[PDB]
Amino acid sequence: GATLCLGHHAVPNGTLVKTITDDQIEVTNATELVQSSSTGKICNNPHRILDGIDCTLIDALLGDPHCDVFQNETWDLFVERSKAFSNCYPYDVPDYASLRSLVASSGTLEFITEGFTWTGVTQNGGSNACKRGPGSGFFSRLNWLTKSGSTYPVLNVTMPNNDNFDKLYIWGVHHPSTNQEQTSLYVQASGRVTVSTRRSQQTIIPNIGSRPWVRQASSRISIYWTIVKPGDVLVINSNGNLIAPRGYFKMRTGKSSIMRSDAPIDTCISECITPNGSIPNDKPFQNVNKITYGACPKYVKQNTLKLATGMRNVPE
Amino acid sequence: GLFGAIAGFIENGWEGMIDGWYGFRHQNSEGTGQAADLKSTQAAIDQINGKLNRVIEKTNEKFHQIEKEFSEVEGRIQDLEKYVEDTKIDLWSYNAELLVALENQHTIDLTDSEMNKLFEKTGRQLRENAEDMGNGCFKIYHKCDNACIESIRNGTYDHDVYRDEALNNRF
Ligand SMILES: *[C@@H]1O[C@H](CO)[C@@H](O[C@@H]2O[C@H](CO)[C@@H](O[C@@H]3O[C@H](CO)[C@@H](O)[C@H](O[C@H]4O[C@H](CO)[C@@H](O)[C@H](O)[C@@H]4O)[C@@H]3O)[C@H](O)[C@H]2NC(C)=O)[C@H](O)[C@H]1NC(C)=O
Ligand SMILES: CC(=O)N[C@H]1[C@H]([C@H](O)[C@H](O)CO)O[C@@](O[C@@H]2[C@@H](O)[C@H](O)O[C@H](CO)[C@@H]2O)(C(=O)O)C[C@@H]1O
Ligand SMILES: *[C@@H]1O[C@H](CO)[C@@H](O[C@@H]2O[C@H](CO)[C@@H](O)[C@H](O)[C@H]2NC(C)=O)[C@H](O)[C@H]1NC(C)=O
Ligand SMILES: *[C@@H]1O[C@H](CO)[C@@H](O)[C@H](O)[C@H]1NC(C)=O
């Protein structure tokens, strides 16, 4: 008669996978679900990547002279480098993290100058701590006010928001090292800065005292921010120590963010970005970095997970 | 697997079969041969492609999130930020482990199942003209030249043609 055998294929070198019942069992084939490698490079498409180079987002915001190239820049992803440095008047930002976040998320440094009237003070103060060309200078977006003649009057100014968008105002307060410096610059023995809207108010008293010497000064500036909504009004009131805004930053909402990375930027296309570089997004999981931006595989702790793409391998 | 064909009553696979996943080996008067079954092979592949495409389906695109590395010690708020991310990562790591485990058990069972389907279909085709040897092979109880074998494989084999002949050899 005849014999007819039913059967299935096999291969000489199978792959091990995990199941409900077995932590290793051999199948004919599998595919990797965890992306574990990067090129080491951040692709410049399709997201608008802005390399901060020597500049933090905050220094570009304030207008540190070596960050002037960033004026009115926009981004989907601002990349901060570990080599970045400040090179202007020494400053702090109470709630630095929040200011950095909100600006990063806004995705723009578009600045609109406004005609503030500062009656009876000297404008455009600068310092050798913050050189602009050969001479002393200052943050481009801030206006250091000091006495005119022998007086610093009460400054009291308003700027209404008659636009249909939110305005972000960056301003500050100067902290002298000595009483001599305080009175020299602002006349009054103790200054005061009050910035308000209809909805909110911030009042800051300067503190006089030495801090450690940084880029020529034991003094400091502290940076604050105020958002003004359509139909609201900014009021600024001060009898000394005001580091005045020159205008506002336009705010947006959208997909913008910021990332700390030293990966070089390259000409290529990748939806997913990590600090290690761009990664492909064909796999559902990744083990490269929990910090990601874009259409990315989800971060998991496993460096490999095999999905079986074939039957059980039972060789000859 | 659940059906007990692959790594079960079929003792092993065929490294020689390179043109399909399941198929036939015969011995008759004219010699021996081997042919892949295309419909079983495709049923298995189609199902595996199906699940593959479901799994590699891009679901998430994220933009501004929370910070996940910190250069200074801060305490409470940072503790919470880290804990939120760690919690998330563990839940996703678990989802991934479970997913592959369930997927792979099911892939093994469904490939085992398709082998079994092909075996039961062939058995039914042969009616009373053959018997199950128990190792995935049918002893056919009549003369089955290459034309006859190809008839079983391509679905045309009329069992009534060979029934008298085969019933005789069986009993
Ligand atoms: C510093 O700058 C701010 C911002 O401009 C400035 O605020 C303004 O104060 C004046 C009063 O000093 C406000 O004027 C009021 O406007 C409302 C309508 O909007 C009127 O109804 C008010 O009239 C009554 O009060 C008058 C003043 O006493 C009376 O003479 C009158 O009879 C009414 O009873 C009044 O005119 C103005 O609205 C604000 N502006 C804003 C934008 O808020 C503030 O005065 C300055 N401070 C100092 C110390 O100089
Ligand atoms: C706006 C203004 O007054 N600018 C001054 C500046 C400030 O008075 C000062 O930064 C306040 O802390 O001072 C400048 O001169 C400095 C000296 O005041 C300081 O004692 O020593 C510095 C050198 O280490 C420096 O010479 C400045 O910062 O360059 C002069 C500037 O016009
Ligand atoms: C991606 O970058 C991260 C961040 O540096 C790498 O994480 C480091 O990995 C090494 C292990 O070789 C450790 O010594 C570091 O302590 C890790 N740092 C952190 C913050 O986790 C990660 O290994 C990189 N991955 C790839 C594939 O390049
Ligand atoms: C299995 O699938 C892989 C894709 O990872 C393919 O390259 C290979 O030829 C297929 N079969 C194997 C390895 O048996």
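Following Swiss-Prot, chain B shows residues 346-516, kept in their order.
Cβ atoms here come from the backbone N, Cα and C positions, even for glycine.
Look at Swiss-Prot and you will find B:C489-B:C493 tagged as disulfide bond. When other Cβ atoms within 10 Å of the Cβ of B:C489 (disulfide bond) are tallied across all protein chains shown, the result is 27.
Residues annotated as N-linked glycosylation site in Swiss-Prot: B:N499. Secondary structure at B:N499 (N-linked glycosylation site), taken from DSSP and collapsed to helix, strand or coil, is coil. Annotation for B:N499 (N-linked glycosylation site): no spatial neighbours, criterion Cβ-Cβ under 8 Å with sequence separation of six or more.
Sequence-distant neighbours of B:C493 (disulfide bond) (same chain, 6+ residues apart, CB-CB distance under 8 A): B:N373, B:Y502, B:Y507. Under the DSSP three-state reduction, B:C493 (disulfide bond) is assigned to helix.
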